[PDB]
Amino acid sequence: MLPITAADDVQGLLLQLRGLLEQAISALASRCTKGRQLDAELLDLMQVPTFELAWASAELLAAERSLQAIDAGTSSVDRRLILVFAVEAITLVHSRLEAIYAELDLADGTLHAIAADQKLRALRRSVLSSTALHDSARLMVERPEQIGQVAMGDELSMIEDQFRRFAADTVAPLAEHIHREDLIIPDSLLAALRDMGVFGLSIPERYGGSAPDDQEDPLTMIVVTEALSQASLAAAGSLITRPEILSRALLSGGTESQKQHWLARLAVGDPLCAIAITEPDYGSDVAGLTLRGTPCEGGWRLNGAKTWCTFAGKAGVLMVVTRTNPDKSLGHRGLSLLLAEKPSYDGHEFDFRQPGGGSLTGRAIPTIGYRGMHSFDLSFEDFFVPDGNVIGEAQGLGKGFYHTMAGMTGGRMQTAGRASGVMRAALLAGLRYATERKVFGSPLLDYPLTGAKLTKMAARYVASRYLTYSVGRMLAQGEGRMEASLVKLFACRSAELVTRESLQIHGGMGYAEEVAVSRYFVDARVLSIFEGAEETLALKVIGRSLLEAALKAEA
């Protein structure tokens, strides 16, 4: 058993670190301001402490939200794992703050005090001891269903049970063959997911979805995403992502008739949709996209390329960020969202010739993982899009950036769920293998180094999941815009770490394509790149918001 004082000691130390973190943010905010406003040039100059402060903030908030969750219903497993991560987070955040304080020339006496604190040393010796980590690992093997048991009502809990059963029965048997043969998602699996309601979780009931009309709770979308992603990230969990992004764009900027026509159809996968933002020369820099839209009678003709457009072959509609104004001096103000319609194709390339002479061609890009929808290089040549298919119609012209960003918040929240499911798959596989594999006379699980790795893996998984559900509740209340990107950043890198470590526990087995953890590892690597690359999120969403809020508070 852990000391009875551990939770209080952890909370006190995290609050001390939060004070130091907030002091560094204000110090940095002053070094980035010129004339009462953040300065783009100084922000670029100060990227290194900005990046480190974004990561320190993610780890701090993961530890706090996890610790705040401990109540009378928390499982015995989770109580131990939450404290493990919180003690680790104390040292992680302290380490970053020492580097940040040095770079910003701040006094570090208080940081030295925290490191020499006798309570921190006692926590290392009790919560992070080799026997305590080993005991937590044995407890996980005894009751794996208690790992990450976040608070849900019975309804959400039964939705989880149904989708875990479906993912295990129907998705998991197909996951390896889809990856190794780079197959498009079978129609049978698409039909099943459609009838489970997987395309309408983000869409209000009044537009033919299943989300209640008066509210915006993402927790249902998150729980289904997690269950499906555990079985297959790309072939099941990621089918939710495109409707999430495009429903949010249509709700942000569509007219009533566009919301009525499109959202009802997207909810039943007819048509399936794909997101066409990224271009060969622009991915992080959405404001700079150049795919050209030129007005003709009754609509637009599009010319240029898109790339990495996932599911573009099978999709019947594309959400295309289009530069509709030739004046490049407008930046993002020259962008509009256009709905390009196309036939549905099952292959790795397609060549669609329109009536008026336009064309759209596509060729899939082979990837190390994330396989099953394909991601395509697209070429638009005088491709026609009618006026009606401009999201927002006439008033949507020049506002495509705002509606894209609205979609991205939902996408990143959902991507935290995707990372969570991949982590749970990797964790359970490592726990199972450690129990079954014998080395030097005993099950691998019985060795203290194995216990420590498994408990640290689980602690990170669990802290990521409690943070994910916390941000979901923030979004349900109209808050947490920045925090969706923070938990995306935290969970997606955590998926890399957890999958790497699970693979290692497997030994050579972890490297074989016939062993699922090899696939979880190459799949997880994409999570920190797409949907907002880690650095872009840390600098231009998380770091920017932290500094803006410090400026205002001290104005």
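Start at 1 and count along the sequence shown; that's the residue number.
Visitor: With respect to the recorded C-alpha B factors, which stretch has the higher mean value, 310 to 318 or 297 to 305?
Guide: Mean C-alpha B-factor is greater for 297 to 305.
Visitor: With respect to the recorded C-alpha B factors, which stretch has the higher mean value, 206 to 214 or 227 to 235?
Guide: On average, C-alpha B-factors are higher across 206 to 214.
Visitor: Going by the CA temperature factor in the entry, name the top one among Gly421, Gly430, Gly331, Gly283.
Guide: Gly331 has the highest C-alpha B-factor of those listed.
Visitor: So if I compare the CA B-factors in the entry for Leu83, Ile368, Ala116, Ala463, which one is the largest?
Guide: If I rank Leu83, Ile368, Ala116, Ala463 by C-alpha B-factor, first place goes to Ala116.
Visitor: Hey, what third does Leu497 fall into on Cα B-factor, ranked over its chain?
Guide: It falls in the bottom third of the chain.
Visitor: Is the Cα B-factor recorded for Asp39 in the lowest, middle or highest third of its chain?
Guide: According to the entry, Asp39 has a C-alpha B-factor in the chain's highest third.
Visitor: Taking only the Cα B-factors deposited for this chain, tell me whether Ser375 sits in the lowest, middle or highest third.
Guide: Lowest third, going by the recorded CA B-factors of the chain.
Visitor: Lowest, middle or highest third: where is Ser470 by Cα B-factor in its chain?
Guide: As the PDB entry reports it, the C-alpha B-factor of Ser470 lands in the middle third of its chain.
Visitor: Could you place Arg31 in the lowest, middle or highest third of its chain by Cα temperature factor, using the values in the record?
Guide: Highest third of the chain for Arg31's C-alpha B-factor.
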